[PDB]
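*Asks:* Here it is, the structure in full.
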Amino acid sequence: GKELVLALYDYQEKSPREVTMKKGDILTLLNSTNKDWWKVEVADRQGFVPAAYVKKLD
């Protein structure tokens, strides 16, 4: 993924495959094939966060 999304809420990772984000963060959308969990890159960290908690910038 190369597109960006905006974190709508803070989100602390709850499992090994998740990643933490803060509201306002601009993340790189890595994979949105799953309806519920999108893989994103926050700073230099990658992982899944709830899809509904981020908003595509496009």
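Ordering of the structure tokens sets the chain letters (A, B, ...), residue numbers begin anew at 1 in every chain, and ligands are numbered from 1 in the order given.
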Would you mind listing what lies within 10 Å of stretch 56-58 of chain A as a list in words, with only C-alpha atoms counted and same-chain residues fewer than 3 positions away left out?
*Replies:* residues 3, 4, 5, 6, 7, 26, 27, 28, 29 and 51 of chain A
*Asks:* Pick the closest to residue A:19 from A:40, A:1, A:52, A:47: which is it, counting only C-alpha atoms?
*Replies:*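 Nearest to residue A:19: A:47.
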*Asks:* Out of chain A, which residues get strand (DSSP E) from DSSP, as a PyMOL selection string?
*Replies:* chain A and resi 4-7+26-31+37-42+45-50+54-56
*Asks:* Save the residues we just selected, N, CA, C and O atoms, as a short mmCIF file (atom, residue, chain, number, x, y, z; two decimals), in the first residue's frame?
*Replies:*
```
data_model
loop_
_atom_site.label_atom_id
_atom_site.label_comp_id
_atom_site.auth_asym_id
_atom_site.auth_seq_id
_atom_site.Cartn_x
_atom_site.Cartn_y
_atom_site.Cartn_z
N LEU A 4 -2.47 7.07 2.06
CA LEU A 4 -2.47 7.48 3.46
C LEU A 4 -3.85 7.48 4.07
O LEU A 4 -4.87 7.64 3.38
N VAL A 5 -3.89 7.26 5.38
CA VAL A 5 -5.13 7.29 6.14
C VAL A 5 -4.87 8.11 7.40
O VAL A 5 -3.71 8.28 7.83
N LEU A 6 -5.94 8.65 7.96
CA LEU A 6 -5.89 9.44 9.18
C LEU A 6 -6.46 8.62 10.35
O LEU A 6 -7.53 8.02 10.21
N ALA A 7 -5.74 8.59 11.47
CA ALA A 7 -6.22 7.87 12.64
C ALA A 7 -7.33 8.72 13.26
O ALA A 7 -7.12 9.91 13.55
N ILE A 26 -0.95 10.21 10.67
CA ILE A 26 -1.09 9.99 9.23
C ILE A 26 -0.34 8.68 9.01
O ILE A 26 0.88 8.61 9.25
N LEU A 27 -1.05 7.64 8.60
CA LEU A 27 -0.43 6.35 8.40
C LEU A 27 -0.46 5.90 6.95
O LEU A 27 -1.34 6.30 6.19
N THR A 28 0.46 5.01 6.59
CA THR A 28 0.50 4.47 5.24
C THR A 28 -0.30 3.15 5.24
O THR A 28 0.01 2.24 6.01
N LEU A 29 -1.36 3.10 4.43
CA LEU A 29 -2.21 1.93 4.31
C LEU A 29 -1.46 0.84 3.54
O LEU A 29 -1.18 1.00 2.36
N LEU A 30 -1.13 -0.25 4.22
CA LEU A 30 -0.40 -1.34 3.60
C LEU A 30 -1.27 -2.41 2.94
O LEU A 30 -0.96 -2.88 1.83
N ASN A 31 -2.39 -2.73 3.59
CA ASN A 31 -3.30 -3.76 3.09
C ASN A 31 -4.69 -3.55 3.69
O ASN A 31 -4.86 -3.54 4.90
N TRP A 37 -9.80 -5.40 9.77
CA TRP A 37 -8.47 -5.00 10.20
C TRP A 37 -7.59 -4.62 9.01
O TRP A 37 -7.36 -5.44 8.11
N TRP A 38 -7.09 -3.39 9.02
CA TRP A 38 -6.23 -2.89 7.96
C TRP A 38 -4.80 -2.84 8.44
O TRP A 38 -4.54 -2.47 9.60
N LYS A 39 -3.87 -3.28 7.59
CA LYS A 39 -2.47 -3.25 7.95
C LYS A 39 -1.95 -1.86 7.57
O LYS A 39 -2.15 -1.39 6.43
N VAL A 40 -1.34 -1.18 8.53
CA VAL A 40 -0.82 0.16 8.33
C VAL A 40 0.59 0.27 8.86
O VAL A 40 1.11 -0.64 9.50
N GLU A 41 1.22 1.38 8.52
CA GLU A 41 2.57 1.67 8.98
C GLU A 41 2.48 3.03 9.70
O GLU A 41 1.98 4.01 9.12
N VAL A 42 2.82 3.01 10.98
CA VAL A 42 2.81 4.18 11.88
C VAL A 42 4.27 4.50 12.15
O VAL A 42 4.97 3.68 12.76
N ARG A 45 6.75 1.65 12.27
CA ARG A 45 6.16 0.44 12.83
C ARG A 45 5.00 0.03 11.94
O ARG A 45 4.32 0.88 11.38
N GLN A 46 4.78 -1.27 11.80
CA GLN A 46 3.70 -1.79 10.98
C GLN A 46 2.84 -2.79 11.76
O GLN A 46 3.33 -3.48 12.66
N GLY A 47 1.57 -2.89 11.40
CA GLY A 47 0.68 -3.82 12.07
C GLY A 47 -0.75 -3.53 11.71
O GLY A 47 -1.03 -2.64 10.90
N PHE A 48 -1.66 -4.28 12.31
CA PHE A 48 -3.08 -4.12 12.05
C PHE A 48 -3.75 -3.25 13.08
O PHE A 48 -3.39 -3.27 14.26
N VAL A 49 -4.74 -2.49 12.62
CA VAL A 49 -5.56 -1.65 13.49
C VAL A 49 -6.99 -1.79 12.95
O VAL A 49 -7.20 -2.21 11.80
N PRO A 50 -8.01 -1.51 13.79
CA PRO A 50 -9.38 -1.64 13.29
C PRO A 50 -9.60 -0.69 12.10
O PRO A 50 -9.31 0.50 12.18
N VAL A 54 -9.72 4.37 11.12
CA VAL A 54 -8.88 5.19 10.24
C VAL A 54 -9.73 5.66 9.07
O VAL A 54 -10.75 5.02 8.76
N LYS A 55 -9.34 6.76 8.44
CA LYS A 55 -10.08 7.31 7.30
C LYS A 55 -9.15 7.55 6.10
O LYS A 55 -8.13 8.23 6.24
N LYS A 56 -9.47 6.98 4.94
CA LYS A 56 -8.62 7.18 3.76
C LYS A 56 -8.55 8.67 3.43
O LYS A 56 -9.54 9.38 3.57
#
```
*Asks:* Just to confirm, what's the straight-line distance from atom CA of residue A:36 to atom CA of residue A:2 in Å (one decimal)?
*Replies:*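 Taking atom CA of residue A:36 and atom CA of residue A:2, their separation equals 19.2 Å.
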*Asks:* Skipping near chain neighbours, those fewer than 3 positions away, what residues fall within 8 Å of residue A:21 using only C-alpha atoms, listed as an MDAnalysis selection string?
*Replies:* chainID A and resid 7 9:12 25 42
